[PDB]
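Chains as they are written, first to last, in the entry's author numbering: chain H, 255 to 369, 387 to 406; chain D, 221 to 246, 311 to 368, 387 to 399; chain C, 194 to 226; chain M, 66 to 194; chain L, 741 to 766, 788 to 817, 855 to 883; chain J, 2 to 34, 45 to 135, 187 to 297; chain A, 202 to 314, 388 to 491.
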Amino acid sequence: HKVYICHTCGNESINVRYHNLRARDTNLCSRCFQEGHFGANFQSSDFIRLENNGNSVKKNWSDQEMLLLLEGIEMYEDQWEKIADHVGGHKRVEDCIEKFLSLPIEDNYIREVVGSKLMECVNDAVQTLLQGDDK
Amino acid sequence: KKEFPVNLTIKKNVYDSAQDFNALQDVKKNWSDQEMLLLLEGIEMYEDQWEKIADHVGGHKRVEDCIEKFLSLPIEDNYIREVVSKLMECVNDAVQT
Amino acid sequence: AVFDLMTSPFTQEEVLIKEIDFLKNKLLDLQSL
Amino acid sequence: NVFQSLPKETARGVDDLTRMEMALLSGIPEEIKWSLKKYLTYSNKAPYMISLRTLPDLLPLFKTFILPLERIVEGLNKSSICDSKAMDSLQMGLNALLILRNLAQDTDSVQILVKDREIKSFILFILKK
Amino acid sequence: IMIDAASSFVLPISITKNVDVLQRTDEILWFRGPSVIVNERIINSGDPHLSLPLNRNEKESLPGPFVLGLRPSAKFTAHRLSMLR
Amino acid sequence: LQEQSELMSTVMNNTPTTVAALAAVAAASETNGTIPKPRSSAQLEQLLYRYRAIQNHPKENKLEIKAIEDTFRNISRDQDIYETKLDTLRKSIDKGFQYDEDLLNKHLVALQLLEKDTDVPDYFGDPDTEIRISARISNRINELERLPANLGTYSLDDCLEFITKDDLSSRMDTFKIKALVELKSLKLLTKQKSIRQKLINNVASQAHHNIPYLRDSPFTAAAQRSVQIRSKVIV
Amino acid sequence: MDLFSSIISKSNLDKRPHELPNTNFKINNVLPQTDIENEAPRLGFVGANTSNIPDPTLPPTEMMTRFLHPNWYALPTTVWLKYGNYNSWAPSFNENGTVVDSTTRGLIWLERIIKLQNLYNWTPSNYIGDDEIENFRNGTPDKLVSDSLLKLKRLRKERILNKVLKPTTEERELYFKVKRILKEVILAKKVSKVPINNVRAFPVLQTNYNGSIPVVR
Ligand SMILES: [Zn+2]
């Protein structure tokens, strides 16, 4: 389990952080977000409520983890240790790569635009010929 | 089977573009968010009686228009993903030889 | 381009001498043809 | 403190040459395939490492694959190779025969092959057929 | 335009006697600007008080701000608490 | 030149009597190519209502009032025809049909999928067809990038949490995360293509040392054996 | 530096006198800001590229151009040699490291060669009227629905395969004509289930506000 130091103060976030999407490496507590202590450049639209708790049994991939994975891939372009800790550190490199490859992203558009027995019977006949000497 | 989820609730309507939700848009037929929440609220409880819903919304909406609205609510993704002579030619030659 | 560790009765210098003696001959064979 | 003074040269397991020499000496067939592939690569690329003058207990380790190939050559006048177990022995025998062919252009790995009075029986057998 | 300014400050004197109601560090946190009080988070996007249709000087004293905030009705909440157990 | 958007621009600029589109043959008829019978439900009709209600003051400078009133007559006539046909249509119903359930399911799901432009399964190379795929993805990107950033949910399960005037419910962002997973997954497409190339061109690039039924065939073993033949030493 | 505090959680029903841990404190009232939320930016502003990936509308979208699986490699076979015009006793070919023989390779070579209430009540779903549903309501109601949805699916394929984005005026007109019929049965027949499946959420706008700490240059 990591720790999330709240930006603009020194506090520790309890179980819910508010991730910023334009500095991309800051967080906030709930109380610093309710009152608007996050500087006049940001606008309270670009803060997603993320959690901090350990999720359920693995290979579930909640939308928070998918979002943080794609944030990491936009950040680093490589360096899957620096992706897997940014997911939360409770996932391995060898599973983040197995999940970024197994995503149907353009499969729906492919399905939009684009909508023998003889020798097996011969093999069964030969397997029947290799049973009794009389043939 | 794994499928990318068909997120209908985000998707803006193509044919009419006037039956969307009020956030995706940029008697009276206006359908504010309070009557919309009352409509989903009445459909969760009353289960298609169309007259307790028709005044649970608040009386400005006809039953015809409530059906007109109910025909354009998005469906769950996990329900779209839920509803959706060559034999004898060898034997006759294997019996002989 | 894969290296290796192994045991041998020769030192590491003598192995390099044998590598020179082999690669000069293969170099002459392939540059001649 | 005791886990800091490890010798760096042996902390990868065994070296690869003893790995190849033990893999053939066992009976696991896929590990024999791996060992013969690596012996073939080292015989092509650097034959002096597998010079028979240096490693004397290596030529019977190839005789034990090459000498049962005579039965296969005897039975090869009919469609003998039926399952996938005799064919694997055939391919191992041909690959070991190639390894001894590749080691025989050295003039110091050659006299050991000549003084053996049993490889010449195999050569005479193949030539008679 | 910088990002990494401090924008919170702490005075050295421990005045922690009557302060259990404010936001403590765990001292007292003293920011570089005030707070922002927001009445209701969810806008009610229709409602001709706000939508202003183009058809047809009048005042109206509405009860509270709770008209503009999507509150659920109590019969659903009792129905859901009945569905609880 | 989009006169049905020029009326909207004159309405939203709050100055429509000051110009009034200069209704002559040179201006009011150059944009029409009568008026073209507006398409929307009321978004192009309330504009005509306001346009007639503003043009009641001059009443003679604008000659195009008569065609607009003819279209009002057309709308009233079509409405009366539809009301008579709806009166007859509710009288033309059979007393018993007993409409089947498991086809009503399919018609509802099929209509809902055909509303919002997604592919419906039936249950009833070539760079021509490469651009026709790569022009549907730009559609979805430039449709998701026009959503408002202050998008939020209101599920039917916040009633069990008793949210006060300022309490910050914990299911407010179940649509804005989903509307960014799509928008950033449709921009990381030519990164997973470049990872899949490095995967396939290093799994299929061996193809004869890992797959067992290929490295045990006669011809593959013979080729791998025959590439390793060291050249003959003359003398 | 001129600092500020947090909001005191003193209730509106407290009525106590204002105590102060310091007399060098001052107290102020915070007026809540309230109005139509200032138009928030779009999602293209929130989460644009800060990377070096390309757009997925660039011409390299191939993924298989120079693949060449090793089932498709050229295998070494026999090399037939030609000496001259009158050399018919020479060793004719050469097989150093071949896979197959001369006989099988020769065989492989061989086998290849003006009212008022009738004017505000107005949709585009009633401009057409009905004109057919009266006639078809006398029999079954459901055949026209499937025969129209198949036409919608065919027209949607024909719009995908034509690089057109706006729907035509021929299927829009044909869309509402579907949605009318499915309405009327629900008006008339009261079919025994009419199933309910909703996502149990719907998107609403929420208030935005700038931060209160000023900018630092
Ligand atoms: Zn904080």
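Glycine residues also receive a C-beta, built at the ideal position from the N, C-alpha and C atoms.
Residue i: first and last residue of the uninterrupted alpha helix (DSSP H) it sits in
i                      : result
H:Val270               : Premise fails: H:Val270 lies in the beta strand (DSSP E), 270-274, not in any alpha helix (DSSP H).
J:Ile199               : 199-206
D:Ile327               : 317-330
L:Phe874               : 872-882
J:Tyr60                : 57-65
M:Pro125               : 124-131
residue 1 of chain J   : As displayed, chain J neither begins before 2 nor continues past 297, which places residue 1 of chain J out of reach and without an answer.
M:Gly140               : 134-140
residue 337 of chain A : Within chain A, the sequence of modelled residues goes 314 then 388, so residue 337 of chain A has no position in this structure.
J:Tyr93                : 76-100
J:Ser256               : 251-265
A:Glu296               : Careful: A:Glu296 lies outside any alpha helix (DSSP H) and carries neither H nor E.
J:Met9                 : 4-13
H:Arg285               : 284-288
M:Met152               : 151-167
A:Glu447               : 446-462
Coarse secondary structure for residue i, derived from DSSP in three states
i        : result
A:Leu311 : helix
A:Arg243 : strand
L:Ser748 : strand
L:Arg764 : strand
J:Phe224 : coil
M:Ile93  : coil
D:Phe241 : coil
J:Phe237 : coil
D:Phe354 : helix
M:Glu86  : helix
M:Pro112 : helix
A:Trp281 : strand
J:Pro280 : helix
H:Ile259 : strand
H:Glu360 : coil
A:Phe205 : strand
M:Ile188 : helix
A:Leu479 : strand
A:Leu390 : coil
L:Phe792 : strand
D:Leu389 : coil
Contact set between residue i and chain M, taken where Cβ atoms lie within less than 8 Å
i        : result
C:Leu198 : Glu74, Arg77, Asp80, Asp81
Continuous beta strand (DSSP E) stretch holding residue i: start and end
i        : result
H:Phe301 : 301-305
Chain L residues whose Cβ lies nearer than 7 Å to that of residue i
i        : result
A:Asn223 : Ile755
Under 9 Å by beta carbon: chain D residues contacting residue i
i        : result
A:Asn482 : Near A:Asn482 there are no residues of chain D at all, since even the closest Cβ is about 13 Å away, more than 9 Å.
J:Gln57  : Within chain D, no residue comes near J:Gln57; the closest Cβ sits about 12 Å away, beyond 9 Å.
Within chain J, the residues that residue i reaches when beta carbons sit closer than 8 Å
i        : result
D:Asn362 : Going along chain J, no residue has its Cβ under 8 Å from D:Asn362, so there is no contact; the nearest lies around 13 Å.
D:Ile230 : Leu206, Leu209, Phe237, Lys240, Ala241, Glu244
M:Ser149 : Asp278
Chain-ordered chain H contacts of residue i [CB-CB under 8 Å]
i        : result
L:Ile789 : Those do not exist, as L:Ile789 stays about 11 Å from chain H at its closest Cβ, beyond 8 Å.
J:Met234 : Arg303
L:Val865 : Per Cβ cutoff of 8 Å: no residues; L:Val865 is ~23 Å from chain H at best.
Status (buried if at least 16 other CB within 10 Å, exposed otherwise) for residue i
i                      : result
J:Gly107               : exposed
H:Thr280               : buried
A:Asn230               : exposed
residue 190 of chain A : The question about residue 190 of chain A has no answer here: the residues shown for chain A are numbered 202 through 491.
J:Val131               : buried
A:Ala241               : buried
M:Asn160               : buried
J:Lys249               : buried
Chain-ordered chain J contacts of residue i [CB-CB under 9 Å]
i        : result
L:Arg878 : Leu218, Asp219, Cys221, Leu222
8 Å Cβ cut-off: residues of chain L touching residue i
i       : result
J:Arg61 : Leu815
Chain A residues whose Cβ lies nearer than 7 Å to that of residue i
i        : result
L:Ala745 : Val490
Closer than 9 Å at the beta carbon, the chain M residues around residue i
i        : result
J:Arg287 : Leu105, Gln156, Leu159, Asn160, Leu163
Quiz item: Are there three or more Cβ pairs, one per stretch, closer than 8 Å when the region 150-157 of chain M is compared with the region 112-126 of chain M?
Solution: With the cut-off at 8 Å, the region 150-157 of chain M and the region 112-126 of chain M do not touch.
Quiz item: Do the region 753-763 of chain L and the region 803-810 of chain L touch if we need at least three Cβ pairs shorter than 8 Å?
Solution: They do not touch, by the three-pair rule.
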